[PDB]
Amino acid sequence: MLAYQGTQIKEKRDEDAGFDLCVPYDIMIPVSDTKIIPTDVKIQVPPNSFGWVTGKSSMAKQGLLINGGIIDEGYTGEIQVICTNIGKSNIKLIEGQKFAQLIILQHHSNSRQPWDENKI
């Protein structure tokens, strides 16, 4: 469960893990460069959930690496996706191509308990 806005996020099928995000305009990424690709996507997630922007296999096989895509529950702005080319030739992304995906997960990073000294 989430709410979302934007033209650069596609409806997904039920048996996909994530929503596809689409490139806003043509962009070239030469080898070893990093580019920050903007989107107009905004999401709202429920308590103790977070968005994870990660890669699609078709663009990972060309060397596209997404880094830093943890979208906290408190993040209210537009998603920006940090991409580096770790491949061996330039990557050309065309406007409207699917380049990343957004998966919504619950975390359990809350509710600290006392240390069990007998563990192990």
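Don't overthink the numbering: it's just position in the shown sequence, from 1.
Mean CA B-factor: is it higher for 67-75 or for 36-44?
It is 67-75.
Do the CA atoms of 50-58 or those of 88-96 have the higher mean B-factor in the entry?
Of 88-96 and 50-58, the stretch with the higher C-alpha B-factor average is 88-96.
For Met28, return the chain-relative third of its C-alpha B-factor as stated in the PDB record: lowest, middle or highest.
CA B-factor rank for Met28: highest third.
State the tercile, meaning the lowest, middle or highest third, of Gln106 with respect to the CA B-factors recorded for its chain.
CA B-factor rank for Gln106: middle third.
Where does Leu2 sit by CA temperature factor within its chain: lowest, middle or highest third?
According to the entry, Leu2 has a C-alpha B-factor in the chain's middle third.
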